[PDB]
């Protein structure tokens, strides 16, 4: 289509982007490819104070002390295989966390550390009947009792686990121990199966060992059999936690292993729910599995390789596949630096021995593509309009900026069934993955509400102090703790000064009482490394030590009003 969005025109879709090594999630407008917002997740965000405010530290829980992460796969909750706009889930590979973003407020509301695992890589959502579960893979291999004693160097004890999270509760429902490691994951359109690639079926501890096998596998998980095993008590608990771990190693009836060449990476469900495609990586192929054959693999009527219905050669380094609404597939070729457009039914005919061309087109991309994604492509609403390709090396595509270069997110018009590159988008910190949802499916709110759970503990603290946040400007003294409750209505804080003793632990609680959307305030204590966003009708709080004597100005750092520079007051720190 046209990719130009002129002033006063709106984008058609939201993109929820991996922030990659930055630890954030980004909202893009499609097709303009402009970044509309950054949602802080695993990072310490100076702009909003996410990671330093008390409300955000509470959400981070057991990981509040961590300052970094690597945001991998962002995916939105579905009802009957269509996006429902409620949540976006995102994993941190670096510290094995999963977080949930509420789309009403576009902030992270839950975060959990997955036990018993190291490195959560693939993450997707259950599609059908709705996102009951979020699925994600432990990529690295570690002992279940990883205590630094006899298991430390004993590779025969090392395991990777597949993780099934209750999406609404944001708690791990169960884990499945597998043979090999795990890489990417996806779900069917029936609510019956989940499936993951494995690159280290060898359980190798160095690169050479991890690339010896001509075929690793896709492991398929039967949800029905897993739930039955759980109900029958056929699980183990490890590490003093209560997460049930099921045994899905070879020999189990919970899982089946389909051999796939070679150290495969992406695994992608076709939007008709008929097939999934596993991407060959070191083999110049993709492997196509017919989902309707999985029951026969589980019953032992056919062998796991009998579920493969095509295995077309495409090119060098296939990593990831996306789909249009017409039966075609778009596969990234990392080493050839192309997208291969191919037709699934023709690839099936060719696997059956028919002399038929399945390859439609190869498009040069710039350069070294990882994942690629189509508009609404992971749902039944796939529309065949846009393809976005996440290229890892931008080389000559942008002005030079030094020894660290941006990545290149390339937008391709696939609407004419003939692919045309229309935009090179420089991006920071190597987004891994993204998703594209039509604007009609996402409806954020304009104002916070006073009962929001995200600052409910801070409200409860105020109530214990006898403070009404909507009304009060009060200083509560609790020994060497000081709790300062202030209102803000642009261009004024509700207190012009307050006094504390040197060394006091000061918690400032600010409530923005403006009632107009977009009138964001901030609170910054100068020279203390403290700043935070205070959104309309929100309460936010930060705790710091008053370890600097004398006059210490606080101010509203956000431009909320013509007189915002004058929206400041003094913390007066008395000497001992």
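Numbering follows the first chain given and starts at 1.
**Q** For the higher mean C-alpha B factor in the entry, choose 26 to 34 or 516 to 524.
**A** 516 to 524 has the higher mean C-alpha B-factor.
**Q** Determine, for stretches 446 to 454 and 416 to 424, which one has the higher mean CA B-factor as deposited.
**A** The recorded data point to 416 to 424.
**Q** Would you mind checking which of 217, 463, 341, 110 has the top Cα temperature factor in the PDB entry?
**A** In the PDB entry, the greatest C-alpha B-factor among 217, 463, 341, 110 is found at 463.
**Q** Highest CA temperature factor in the entry: which of 542, 59, 67, 39?
**A** The record points to 67.
**Q** Quick check for you: using the entry's CA B-factors within this chain, is residue 266 in the lowest, middle or highest third?
**A** CA B-factor rank for residue 266: lowest third.
**Q** Which third of the chain holds residue 572 when residues are ordered by C-alpha B factor: lowest, middle or highest?
**A** For residue 572, the deposited C-alpha B-factor lands in the lowest third.
**Q** In terms of the chain's CA B-factor thirds, is residue 51 lowest, middle or highest?
**A** As the PDB entry reports it, the C-alpha B-factor of residue 51 lands in the lowest third of its chain.
**Q** Grab the CA temperature factor for residue 200 from the record and place it in the lowest, middle or highest third of its chain.
**A** For residue 200, whose C-alpha B-factor we compare with every modelled residue in the chain, the answer is the middle third.
**Q** Looking at the C-alpha B-factor of residue 162, is it in the lowest, middle or highest third of its chain?
**A** Lowest third, going by the recorded CA B-factors of the chain.
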